Every structure is written in C-alpha cells, then in structure tokens.
Amino acid sequence: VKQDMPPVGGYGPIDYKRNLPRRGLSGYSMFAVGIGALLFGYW
Amino acid sequence: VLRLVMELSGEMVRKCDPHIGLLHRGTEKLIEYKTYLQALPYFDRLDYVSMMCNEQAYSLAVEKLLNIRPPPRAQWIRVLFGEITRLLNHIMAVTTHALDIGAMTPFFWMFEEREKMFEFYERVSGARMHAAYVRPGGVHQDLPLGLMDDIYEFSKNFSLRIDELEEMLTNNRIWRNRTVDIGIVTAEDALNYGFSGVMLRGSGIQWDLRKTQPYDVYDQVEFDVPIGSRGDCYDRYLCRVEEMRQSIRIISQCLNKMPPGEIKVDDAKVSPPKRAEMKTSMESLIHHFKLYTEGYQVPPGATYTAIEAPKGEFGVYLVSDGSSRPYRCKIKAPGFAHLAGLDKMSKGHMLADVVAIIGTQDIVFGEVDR
Amino acid sequence: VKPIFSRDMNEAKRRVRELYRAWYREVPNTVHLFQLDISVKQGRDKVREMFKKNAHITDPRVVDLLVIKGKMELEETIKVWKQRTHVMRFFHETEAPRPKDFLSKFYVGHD
Amino acid sequence: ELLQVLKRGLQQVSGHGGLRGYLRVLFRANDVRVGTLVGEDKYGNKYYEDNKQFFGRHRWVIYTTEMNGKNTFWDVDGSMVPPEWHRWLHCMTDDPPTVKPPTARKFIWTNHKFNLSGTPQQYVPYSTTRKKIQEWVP
Amino acid sequence: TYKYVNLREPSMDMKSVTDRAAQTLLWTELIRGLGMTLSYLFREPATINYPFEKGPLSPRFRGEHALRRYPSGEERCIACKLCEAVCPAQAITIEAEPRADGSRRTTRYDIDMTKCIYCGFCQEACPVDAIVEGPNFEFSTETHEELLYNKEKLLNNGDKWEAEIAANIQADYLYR
Amino acid sequence: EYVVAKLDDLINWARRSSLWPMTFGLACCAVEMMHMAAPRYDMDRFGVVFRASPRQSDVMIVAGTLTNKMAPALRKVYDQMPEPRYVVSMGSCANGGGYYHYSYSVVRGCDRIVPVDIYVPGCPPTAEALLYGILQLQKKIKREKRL
Amino acid sequence: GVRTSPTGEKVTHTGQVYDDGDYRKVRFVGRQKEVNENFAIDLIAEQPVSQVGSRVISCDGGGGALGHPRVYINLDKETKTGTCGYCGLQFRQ
Amino acid sequence: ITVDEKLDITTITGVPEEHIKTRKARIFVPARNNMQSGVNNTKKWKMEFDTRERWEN
Amino acid sequence: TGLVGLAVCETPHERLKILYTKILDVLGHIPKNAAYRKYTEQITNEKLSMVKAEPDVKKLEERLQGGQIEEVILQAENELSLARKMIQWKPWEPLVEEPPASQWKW
Amino acid sequence: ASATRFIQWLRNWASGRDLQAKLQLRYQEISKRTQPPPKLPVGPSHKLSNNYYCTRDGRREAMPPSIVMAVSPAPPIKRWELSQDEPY
Amino acid sequence: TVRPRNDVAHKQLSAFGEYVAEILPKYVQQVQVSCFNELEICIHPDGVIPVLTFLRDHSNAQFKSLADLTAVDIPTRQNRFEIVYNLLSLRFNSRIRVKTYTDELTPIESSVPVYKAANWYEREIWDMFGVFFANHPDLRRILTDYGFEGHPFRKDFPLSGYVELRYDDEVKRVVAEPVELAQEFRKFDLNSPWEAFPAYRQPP
Ligand SMILES: NC(=O)c1ccc[n+]([C@@H]2O[C@H](COP(=O)([O-])OP(=O)(O)OC[C@H]3O[C@@H](n4cnc5c(N)ncnc54)[C@H](OP(=O)(O)O)[C@@H]3O)[C@@H](O)[C@H]2O)c1
Ligand code: SF4
Ligand code: SF4
Ligand code: SF4
Ligand SMILES: [Zn+2]
C-alpha cells in the first residue's frame, strides 16, 4: 500500500535566522586593529 | 521580449509606456474549440514557472461548476505541490531579478537546487516542467513511495540553502543602495490598480487570499504572511525571501499530515477510472470512453476563482454552456495588473531603476495572454 | 437617449476630411525618416484606394468608428512604432491575384 | 592528509591502464575515474559504474570504438547504449545483464542503430492514400 | 499571521551606532559576502558529463512516441481514434481500414513533432496501451521531413526501445 | 591535397570547440534554456558561454513561440549575425508550433521566417535533450569545404 | 516479408507501390525508405491455435499488465476458429 | 441629451478581405443522427458556411 | 506610531466628527424619499454614537473599520465625494430608463 | 590539496556552519526503482451495496435563482495578531 | 455525504440581492442573479460610472479593487457583448460582478476616473472585440499587430485568421502577409445527445 510516514525532527527554518556574527564584530575592536596597523606601519 | 518605449527628459524617465503583448499566443480563442480535459495543459503554459500553482486555479474553477469536492488526500497533494511551486516561483523572482541587475553567483546557487526540485516533478509526472497533473478530478496519479522520504530530505538541506541568500544579498551595501526607494507605492491608489500579489501584501495592506478564503484544506496549516512598511523594491524583495522561509513550514506540516486513501474523485462520471478497473467492468470502460472525446457535460453558468499566486492572481472566469466546450474563459494574470503600475512606478526614476521594477514585481511575459 | 460615438450625420464627413488632411501630410515622413520602399506618388495613390472601398456611407456610427480606427492604424506611423518595412505595408506585392472572369478562374481553379 | 589524496590519484592512474591508459581516457572522456565494471554489452561498451562518488552516480558509460561503422574514437555522443539506459544509466537499480534481464519477445532488433542524421538511411514521410482511381481505356 | 519586515532603526547610542557606521567607513559586509562564496568554491561541483554520465529520470517518463505490440507479434493498436480526440495539439492523424482478414487496424498513423506538446494524454487514454512514451531524447534532426513521424513505419521502429518500454510499464499497472 | 584537407579540419574544429549563442527568451522554453547554466547539466564544460554578446554571437537558439509581432524582430537580428551562423529551434513551438499551430497570431514554426539547421523536439526540452542542441550540432559540422 | 516492387522501393504493411509516372519518388533517392522487417499479417498465422475445453473462454494479454479488455468469445461454430477483436489468437472446440 | 437616432441597414466595418461576398451562409438547424435517437443537438440554430476546396497534402 | 499605507501617521480626533456631520447635510438636499438617504443615515449615526462614547480607544478604532484611525478616516474621505456625485447625478429618486430585451439565460 | 579533512575546516570557518548537508547531497537514502509493487486503496465506492448515484448527486444543484429584480456582505475581516514564533 | 460541496453563507449574501435592489433605479439595477455565494448584477450601458462610484468607499459596501474586466461575446442576442466588471472587497472579503450589455457598435461610459487599472483592460476589449469606449485617454492596440485587420476574438471570423502565413520571400527585407493558406483544423463534431440536466430546459 502507498502511504506516507512523517520523519519530522529538523523541520527547517520556522522563521529562524542563521545570520550570526563571525570573526569578531567591529564597534571599537576593529578600529583598534585598523589604527594599530597604521601605528605599526609608520614606526 | 519586452518593447518598453522610453521617454527620457534628460536622464530620468518621465513617460514609460510598456508596449507589451509581444507574446500573444492566442489562448483565448483556441480553448473554445477544446474540451475541459483537453484544454488543461494550456494553463500550465500560461506562466513560465508555475505548474501546480497553475492548473490549480483552473481545476478548482471546474470543481465550482461541477459542485464536486476533491478527496481528502488529493487536497493534501494540492498543498504540498502548491507550496513547492510557491518555492519554485520565488526562485526565479529573485535569481532573474539578480541576473537583470548584474549579479552572477546567486543565479547559479539556486539553479542547482532548482534542478533537484524538478526531480520531484519528474518522479511524480512524465514531463520535466509542464505536468498535466492537477486535474478537474482532483489529482491524476498518486505519489510513489520513494518521494515522501526525499521531500523531507530536501527540506532539511534547504534550510541552509535559503540562508545562503540572506548572508549574501540582503546584507550588501550595493543592494541597500540600489533597491531601496524605487517606486514607493503604499497608497490606496495601489488598491485601484489591484496588484494583489506582492505589491499590496508586501507593503501596508494586510489582506491576502490564503487566510481569508480557504481553497484546499487551509486554517489547519499554519501560516506567517510577511507585510512590509514602504512600497519600495527592497521591502518587496525581503517579504518574498520571508515567504520562501515561511513555506517549508507548510511542506513539513504536509509531511506530518497525509491521510491514506483515494487519489481521484470517487465519482467515475468525472474522474477517469483506474487501468486495472476499466479492463474488466463495462460501466468503467464506457465512462473511460466518454470522459475522453467528450468532456464532462458541465452545468451552464459562470464561475470565478483566484487562488493566490506568488506573482499575483489567476482570476479564471469560465463561461459555460450545456455542451462540453467552454465558450470563452479568461484568466486575468498579474501581468496586466503590474504593467499598469509602471506609469506611476517610473516617474522620477532612472533607466537602471526600471530594470529593478520589472524583476521585483516579477513581470513574466507569459502572463500577458489575456 | 441614444449614443452618437463622436459626430451626428454631417460632422462625421468633416472628420474624414480632417483625417485625409492629416494623412496626406504624413507620406513624406514615411519615406525620408522611415524607408523609401516604393514612391511618394504611389504612397498618395495608396490612400485613395483605401477610401474608395469605404463608399458605403449609411450611418454616423459606422463612419465615426472607422475614423477612430483610422486614428490608430495611420497614427502608428506618426509616432513611429516598430514596423521596419515588414509591417505597415498595406498594398499586396508578394502575391499575384487571379482576375474575375468565367474563362480565367475556371482554367486555374476556383470555387 | 595531503599525501593520502596524492596517493589516491596515483592509484587511480595505475587502475585504468597506466601511462597509455589514463591518457586515452583523459582525451576521449571529460574526466577519468576508477570504479567497478558491468562489462556486458553488444558492441564493447565498458559502462564501469557502481561507485558512490557523488550525486547521481551511475558513472562512466564509455562508448565503443566503431559500434556499427562510425569509428567513434575522437568524436562520440549519446548515440550508443543499447537497451540498458533505463537501468544502468538512469532510473532502475539492478544491472541489466547481471540481475534483471529484459524478457524476450522475438520482435525487437538484435543490433541497435545509431542516431539518424544528415547521413544516408535517414527518416522520410509517406501517406497511406490509395487514391481515387480514374478509368480511361481504348 | 502578521510577520513584519522593517526593524525601524536599531541604532540608539555609541555601541549600536559605531558598528553600523563601521560597515560604511570600511567594508566588512563585502568580506562577509566573500565568505559565503569562498565556502562555495571548496565544495565539489555537481556536474554531469553528458556522453558518459546521465541525469536521473523516472520509471514513467514522456518524451518519445512509439507504439507497442503483443509478445506474439500482432499490432496492438486498434484505430479507435480515441487518442486523436484527446490530443490537445490535434497532432495525431489517423485513417482506419479493415485489413481484409476480419481484424480492424491502422493504415495512416502520423504523429507530427512539429505539433504535440508531449502531454501524455494519448498514453493514458489508450485502452489497449498501444502508445507508451519511451524515455528517449536521441531524435534531433536536420529537416521537418526527418522529424515528423510517418504512418507506423518509424513508430514500429520504436520496437528497438521496447525492451525499456516493457520494463517501464511495470510501474504503470498498479500506479507507482 | 592532404595538407589542405587537414587544414580545413582545423577551421571546422575552431567552431566545434566553441560556440557562442544569442539565446532568445520569449518562451516557457527560456527556463529550460536557463537550465543549461544550472550546474547539474553543465554547458560551460563546452566552449559555450552565457555572455550572449548580440552582435558577436554565432549560433542563435530560437526558443519557443514566435508571434506575428516578434516575426520582423527576430529576422533583423539574424541579418546582423556573422556569416558562420546556425539556428537551433528549441521546443515544439519553434519547430512547427506545438500548441497555437491553428492560432491566428503565431507563425507556424520559425522556418517561414528564419532557416533552421538543428531541431530540438521537446516541449519542456529537457536538459538531456537540449545537449543534442550542442553535441549533435558539433557532430554535424563536417561541411566538406573543398575549394 | 512483403514482395519487392519492380521499380525499386519496398512495399509497406498495405500494398503501396508508387506509380512510374508519379513524381513522389524523389524523397527516397539518396536516403533509404524505412520499412519494418517484421510484418504483422504473417505473425497472426505464425501463432498456433489454442484448444479450449469449455464453451466460452475470455481473452487477455497478461492481466492488467498487458493491455486487453476482457472479451468473451463464443465457440459454437465448428468450421473457422473463433478469434477476439484485439489479438490474432484463435480458439477451437 | 443628444440622441441623434438614425434608422439604416447594418454594415461591416471590422471586416476581412474579399471573401464575404463570394461565400454563402446556410443558417439551418442541425438534423438528428440516424443511429443516435436523442434530441439535444436539435432545437438550436447553427450557421455553418459552405465548404470550399480540399485536397490531400 | 506608523500607518500602514501612504496616509499620514497621525490620529486627528474630532476631524472624523466634522466629516460625518457634514455628509448628513449633503444627503438632505435632493434625496428625501429615496432609500439612499434612508440606508446611509442609519449606518453613519450608528458609528457617530460609538465614536462619541469612546475617545482615543484602540477598541473604538477597531469598530467596523479593522485598521488604524487614519485608515477609517480615509474610508470616509471619499464618502463625501460619493455623496456629492449622488447629488449631481441622481438615480436614487427617479426610475425611467429603458428595460433590456428578454434574453439573459445561458 | 583535495583531502576532505582540511577543506571541511575552511568551509566551516568562512561564514556560517556547514559540514552536514552537502551541495550534491545525493549519497544516502536515495531509493532507486522506487519500491516493490504496491496496492492502491479504494475510496467510499467500490464496495457494493448503497452505492447509488441518487445519493452521490455531484452535478444536480446548479440552477441559479433570480433575486428581487442595512446589510453587510460578510462579518468584517478582523485583523490578525502578530506571529508568536517571530515578532519582526 | 462525501463528494459534494456544502453552502451556508448563501442567505447572508442574498441580502445584497435586496440591498442594492432597494436603491431602485431603472437606470441601474434591471436584473439581479445570485448563485454559489456569488452575485451577478446586469446594468444598463448608459450608467456605468455612477454605478462604480457606488460600491466604492461606501460604508456598507467597500470594494475599492477591480481585479477582472472580462467581456463575453455571444451572437444569440441583439446586444452582442456582455462586459463583466469583476470587483473584489478586501475589507468585507466578498466578490461581486457588474455585468453590462453593448450591441455591435455603441460606446459605453468607461471607468477611467473610477479605476486607474481599467484603461489597460479597456484597450484589450477594443482590440479583441472592437467595443469603443467614450472618455478614454489613449486607446491603443496592444495584443494585435500594428497592421491587423478585424478583431481577433469575434466569433464571425475563423480561428486560423486571414494574414496567418508569413514568408521571407524574393524581397530582401519585407516579410509577406496576405497569403491565406494553412494546414486544416479538424473541427470535431462532438456534442452529446440527450439533455443531462434538469431545471435548465426552457419551453418553446
Ligand atoms: N545578370 C547576369 O549576370 C547575366 C546576364 C546574362 C545571362 N546570365 C545567365 O544567367 C545565369 C545566372 O547565374 P549567375 O551568374 O547568377 O550564377 P552565379 O552567381 O555565378 O553562381 C553559380 C552557382 O552555380 C554553381 N555552378 C555553376 N557552374 C557549375 C558547374 N560546372 N559545376 C558545379 N556547380 C556549378 C556554383 O556552385 P559551386 O561554387 O559549388 O560550384 C555557384 O554557386 C548564368 O548561368 C548566365 O548564363 C546572367
Ligand atoms: S493508439 Fe490506442 S487509443 Fe489510439 S487508435 Fe490505437 S488502440 Fe486506439
Ligand atoms: S502526448 Fe499529448 S499532444 Fe502529444 S500526441 Fe499524445 S495526446 Fe497529442
Ligand atoms: S514548446 Fe512548450 S515550453 Fe517551449 S514555448 Fe512552446 S509551450 Fe512553452
Ligand atoms: Zn485478445
């Protein structure tokens, strides 16, 4: 007989976002790397 | 494909008249000489993409004439394949829009996924794309035992696949510079234009069709309808991506709820009988002989249906006599609705802005048939 | 009480005069800007053969409807749309017709 | 890790022939890959598949050199594969000459013809009209 | 059930403003856009080499028209004209005649490929199962005459594909 | 001589290696045309590129329906094409009108406007069958350009 | 199977020899005529006549697999064997 | 306001080429079939035009 | 605060009360015995009684309107234009136009 | 290098978690030749007794009544609340 | 019982069959039809603009949106064309049909000031049917050719057309038009004897 069995476990994205911060967010940290690269560059 | 006669005052477009109908195949007069079962695959070939979202609007319109409710299982096939078209339609609505702009990668990223999508169509119906599958007698052929496990396996892998687009196209400075603030239409004038698809739904107006008017086993399936703030192309883009995200939930709930039983309509006076059944009994073979050559003998009158397309509305208007031939039917596809807006959408916008308008509205040139 | 389309009896004929006046001045524009094709003189003769077919004036409604139709098929070449000599060629040149005769049509094959 | 991948490539070249074997496969076919062979086919076609490899892995259906009289060595298309494409190449699971053979009918042709093209023995239309006869005799 | 799209300005003061200002002074989102394409390069290309590898198909597939016959010879088609009436393109032309020996069969049987939208109604409307759609693609021609199939002469050449047809029809009876 | 005959093979091989198309949309066929770009049935594996280049292009692939409005539009494009040119009719509409053969507005299958070299038969012309629009075309290039 | 014409072109399932004065013969000059090797008329007589014990027997191809509507054939006549409308299969007694 | 009622015979404005004057219409109700003994094709008028030349292609 | 459409994101109370009091005077010029005057008055006064009862309430704005308070005012803005068009061209009071030929059944 | 062990670290590093669910993703649980021959179930018909078409009307009630020549068409479409799964 | 569809909202929707009829013009109403929870009203051609201003921004009936503007061509009646204005309410969630009637060549009052979408569908009717519309801005041919004769839908002329065959003949650039030969359409005489339906047959 032709029938369907529900295999539900990981249904998918039910309004879910995988957009996560990676490799360290900026704010003040990447500016310290940026100006830090300049100060190490000039010296 | 499109003529698009431009009147450029200097740099900005003032009068954009889309001289469309360059693909008038003549579906209007040609169906008049065909029966209802014979005229079925014409409405597949109405739009380029929709196959189970198309014919769905036609088969339910024939069902409204015949006063026949399709079997419980067949309706669950109609949603499972109705949403997999809603997945398929919004692939082209994003990718060819990106192709018209100049984005090279995101087109190819979804087309490998799309070629895996047509594997579901192939295993369920002989044709690759245009499948004469959704019929006036509900659903023609049953799902094979192999497919139901593969639908879940695909949706499990689709989760990261849809996340690829939001980690690529939405967060871009280029897109938020380009698509933002092109033809901001939120006004009650848009109701008078009557787009109904993604223009009204994706900006301001809460109204849709799926929630207000159930067609095939709705309210039982959970929905999240995305509604934007501004009438620009970018809000119309994001709601489509959120529609793509809120479609797997419908597919997963369809996988959870599958009542085992009959596929075609129980009455053999409308649905053609099974091959093992027709070769033995007399009544079945006559009904098999008469449902072909002759149509159904439909009740006279006029029906109207509009099941929510990702592009807009397939407003089927069948006018019927006692005979098996439908004398004039008209499907007013979203093409005529969206191309009417271009007189307002282009005012005070550049040449490259017009390219963005056509894609986000998804003006498929097949829509202009009626 | 009744629709009149645009004009009543007499003024409809003056609209044809207005249509003939406008279309007579547009045949130099359909040669220099468009394409030479045939001739300026033969282009004006192409107008005369079109209006000789419409010798059956009987209603104001029929005349006015032909004027509105004439303000589109001949308005197409004023504000130039895509034709490129393949379209907007009213006179048949590719096919040779058989003359109306009892001896000529029976010899070739008709009715 | 990099040494293990390099050893797998060297073993792949040693599997299918060698210096002359792998070079013949690289020039004729798009990519050379080693796997289990089915072998049995009319006009010696290899059809070495069975490998897991990737998506839709009924891999490497190598065309026979001169199937009927075309000398397909430098140029060959999908004109080959006599009644085995439905199982070993596309849809079914079982191998056509190994597990499940097609049933004999004594009507189907033993030798499979090539693709109909601009060459002689090409398709042509005809009508079954007997025509209305005309009677004239002295 | 009412979702929303707009966030309505997430930036407020100092920490939430400067990081949003960072992706405009420098790029970062360009590097984030680079990241997704970088991972996409390293994963294996899903490509099929056409003359050697073949794309996945179904047991019931429509593409090539060929008329089947019984195991003990004998043309299976009956000339009902049933398949003619269902045909939405009106492609299939049929003239019927008695074969002078009682049996009622075919004389003219042209299914032109200039027409036909490969709908597979004639496959499903045939009571005798004569026309079964063979899974074939190998029929690209130079001329119209070479393309449109003649009165059974090129269709009974579909006997060369009948080894697949007899195997693929085993999914048709008791549907899939 | 033998040297001239082998040189003519190299000129034929130059086209047999690479063919750059101007693919006409205006069809449901156009999606199956876009499935050539799709990685599963790769066509950039050949010398074929989706850069189009309308003036430069060699082999125009007419996909699907040709109406009377688009009938003079496609003809003027074909005249602007370089002399080594081929036409691939893709889909049943482009062959002889699959549907809409008996319709008023559709030209009955390309050949009445523009001469067709290779016919692709299928409505949805499957990416399997569409690779006979390239490989069978490449096979058909013999030409026998003697003098 | 079928007898070859004096003109050249082979006859089909029905007696279809092209006339000497007919111009429609240029089509088969250069390219070959597609004529089927197996002729259906000779294959009817090739299949042996099966024997029936009972009065009325039902004909089938092979159940639901092979396409055949179930037709019952009367076998009261001694001379000329009874045959179904679909197959060329004959029945006796 | 403004009626301008004129009584005259009907004329063809949106008409094709010279073929209307030559072809003759036969507005006659279709007769019931000899084998089929049912009256449903009847009781409705049908305007079928006279058939011209037909030949095998 | 933020309105859905292009209508201004502001809630002007009593401005709705001005518009509904104005249209009642517009209806009482030419139609008096006509049903158009009879049916519109019993809906507008029903709404006016509920507006006067509850000031600046979200439940009061939801009373047979659905959306925002500005959207409800927009649903009554062109109602004054509909009433003015009914006064200029009036089919509500007279009935004299010709009946059609007896054929509508398909 | 073509070794999967080192490459899987790179694709996981460059934006988002990967590893599982590949681009090809047709390795395991892909059933060829579908299944062993199944039996399709019958609906509310097929089983004999009380299977009259008098009860199963289908196309019977279809005749349109001609009507006449404050009331609403329906109770007004009340707006639905925001989604519990995601607010924005 | 399994297989048919059930109706309950018919009586609630039938109230509009009284409501719009109680406005009572001979200028508007004429005949009201209601079946399977859908309303069909056929309105005299002289009033179309004042009819469509009603049901728009009206407190009881708020439609605002026009989805379809279909036209029915029928040769049985003296009034040949039955233009159907299909309206859809988004506030009340209901559909209504505003039918009209026009003969061979008479202008109807076009709904350009009422609806901004109407003009595109209005051009479509003038192409397919040839029904001219008064007070219309820029009436152009969209679906038809720029040199097309007659009107593409009209049941007067055949399915194949008249200028169907287009050659690239002896003239270098000019595409031929006036040739009228085509492959024959097999018009199957399919119409089943015996009337299948009661409550539809009319006495002569
Ligand atoms: N206006 C005039 O020029 C003019 C004036 C007076 C009379 N005519 C007459 O009218 C005719 C007009 O023709 P044309 O001059 O326009 O032709 P053309 O342009 O010179 O072309 C001749 C073609 O015929 C083929 N051909 C010629 N001789 C051949 C041979 N011996 N073997 C094989 N193929 C051959 C060639 O094909 P290959 O390249 O493949 O061999 C070539 O493509 C002439 O024959 C001439 O006598 C012309
Ligand atoms: S193919 Fe089948 S339906 Fe068609 S005539 Fe032959 S037996 Fe009849
Ligand atoms: S597949 Fe469809 S269109 Fe093609 S011949 Fe069969 S019935 Fe006709
Ligand atoms: S052949 Fe089929 S898919 Fe291609 S354009 Fe025609 S109908 Fe569309
Ligand atoms: Zn038998």
# chains A, B, ... in the order shown; residues from 1 in each chain; ligands from 1

$ residues_around --residues "residue A:22" --least-positions-apart "6" --cutoff "9 Å" --atoms "only C-alpha atoms" --output "ChimeraX atom specification"
/E:32 /J:13-16

$ write_last_selection --atoms "C-alpha atoms" --output "PDB file, in the first residue's frame"
ATOM      1  CA  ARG E  32      31.074  38.589   4.760  1.00  0.00           C
TER       2      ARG E  32
ATOM      3  CA  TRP J  13      35.292  28.926   9.047  1.00  0.00           C
ATOM      4  CA  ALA J  14      34.246  31.168   6.132  1.00  0.00           C
ATOM      5  CA  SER J  15      30.760  32.401   7.194  1.00  0.00           C
ATOM      6  CA  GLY J  16      28.248  30.022   8.825  1.00  0.00           C
TER       7      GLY J  16
END

$ residues_near_ligand --ligand "ligand 4" --cutoff "9 Å" --atoms "only C-alpha atoms and all ligand atoms" --output "JSON, numbers by chain"
{"B": [42, 44, 45, 46, 47, 48, 129, 130], "E": [116, 117, 118], "F": [26, 27, 28, 29, 30, 31, 32, 63, 64, 65, 66, 90, 91, 92, 93, 94, 95, 97, 98, 99, 100, 121, 122, 123, 124, 125]}

$ write_last_selection --atoms "C-alpha atoms" --output "compact mmCIF listing (two decimals), in the first residue's frame"
# COMPACT_ATOMS: atom_id res chain seq x y z
CA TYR B 42 -2.78 25.22 -21.86
CA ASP B 44 0.41 25.19 -17.46
CA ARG B 45 1.87 27.03 -20.47
CA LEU B 46 0.32 30.32 -19.31
CA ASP B 47 3.21 31.17 -16.95
CA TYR B 48 6.85 30.06 -17.35
CA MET B 129 8.13 21.15 -16.13
CA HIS B 130 4.61 21.35 -17.63
CA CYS E 116 2.46 17.74 -29.94
CA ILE E 117 3.31 19.32 -26.57
CA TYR E 118 4.24 15.88 -25.08
CA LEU F 26 10.13 34.92 -25.06
CA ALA F 27 9.00 31.40 -24.01
CA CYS F 28 8.35 28.87 -21.24
CA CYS F 29 11.27 27.19 -23.05
CA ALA F 30 13.53 30.04 -21.81
CA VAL F 31 13.59 28.46 -18.31
CA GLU F 32 14.86 25.14 -19.76
CA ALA F 63 13.40 29.15 -28.00
CA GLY F 64 9.65 28.63 -28.23
CA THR F 65 6.79 30.70 -29.62
CA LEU F 66 7.18 33.24 -32.43
CA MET F 90 14.27 24.85 -29.25
CA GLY F 91 10.90 23.39 -28.28
CA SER F 92 7.80 22.26 -30.18
CA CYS F 93 6.65 25.87 -30.75
CA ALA F 94 9.91 26.75 -32.53
CA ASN F 95 9.67 23.57 -34.65
CA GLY F 97 4.00 25.29 -33.26
CA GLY F 98 3.36 22.60 -30.63
CA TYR F 99 0.33 24.41 -29.34
CA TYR F 100 -1.02 27.52 -31.13
CA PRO F 121 11.67 18.44 -30.45
CA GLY F 122 10.55 18.52 -26.79
CA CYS F 123 8.06 20.80 -25.05
CA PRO F 124 9.97 21.40 -21.93
CA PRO F 125 13.11 20.48 -23.92

$ closest_residue --among "F:71, F:17, F:81, F:110" --to "chain D" --atoms "only C-alpha atoms"
F:17

$ residues_near_ligand --ligand "ligand 1" --cutoff "10 Å" --atoms "only C-alpha atoms and all ligand atoms" --output "tab-separated table (two decimals) with N, CA, C and O atoms, in the first residue's frame"
chain	number	residue	atom	x	y	z
F	145	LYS	N	34.41	21.70	-46.91
F	145	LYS	CA	34.83	22.91	-47.62
F	145	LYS	C	36.10	22.62	-48.43
F	145	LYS	O	37.23	22.77	-47.93
F	146	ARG	N	35.90	22.20	-49.67
F	146	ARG	CA	36.99	21.76	-50.55
F	146	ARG	C	37.73	22.92	-51.22
F	146	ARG	O	38.96	22.99	-51.16
F	147	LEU	N	36.97	23.82	-51.84
F	147	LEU	CA	37.54	24.95	-52.59
F	147	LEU	C	36.90	26.27	-52.17
F	147	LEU	O	37.60	27.26	-51.91

$ interface_residues --of "chain E" --to "chain A" --cutoff "9 Å" --atoms "only C-alpha atoms" --output "short mmCIF file (atom, residue, chain, number, x, y, z; two decimals) with C-alpha atoms, in the first residue's frame"
data_model
loop_
_atom_site.label_atom_id
_atom_site.label_comp_id
_atom_site.auth_asym_id
_atom_site.auth_seq_id
_atom_site.Cartn_x
_atom_site.Cartn_y
_atom_site.Cartn_z
CA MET E 14 27.55 54.62 20.99
CA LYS E 15 27.83 50.79 20.71
CA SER E 16 24.88 50.16 18.35
CA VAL E 17 25.72 53.16 16.11
CA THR E 18 29.50 52.82 15.53
CA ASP E 19 29.43 49.17 14.34
CA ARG E 20 26.69 50.08 11.82
CA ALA E 21 28.91 53.04 10.83
CA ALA E 22 31.89 50.65 10.56
CA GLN E 23 30.34 48.74 7.62
CA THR E 28 33.11 44.10 6.43
CA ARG E 32 31.07 38.59 4.76
CA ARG E 176 3.76 3.72 -8.89
#

$ atom_distance --atom1 "atom CA of residue F:16" --atom2 "atom CA of residue D:25"
19.9 Å

$ atom_distance --atom1 "atom CA of residue B:159" --atom2 "atom CA of residue J:21"
9.5 Å

$ interface_residues --of "chain C" --to "chain F" --cutoff "10 Å" --atoms "only C-alpha atoms" --output "ChimeraX atom specification"
/C:82-87

$ write_last_selection --atoms "C-alpha atoms" --output "PDB file, in the first residue's frame"
ATOM      1  CA  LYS C  82       8.223  49.078 -34.651  1.00  0.00           C
ATOM      2  CA  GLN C  83       7.308  48.175 -38.248  1.00  0.00           C
ATOM      3  CA  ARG C  84      10.618  48.181 -40.213  1.00  0.00           C
ATOM      4  CA  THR C  85       9.071  47.843 -43.739  1.00  0.00           C
ATOM      5  CA  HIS C  86       7.866  44.270 -42.967  1.00  0.00           C
ATOM      6  CA  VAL C  87       4.842  45.691 -41.118  1.00  0.00           C
TER       7      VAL C  87
END
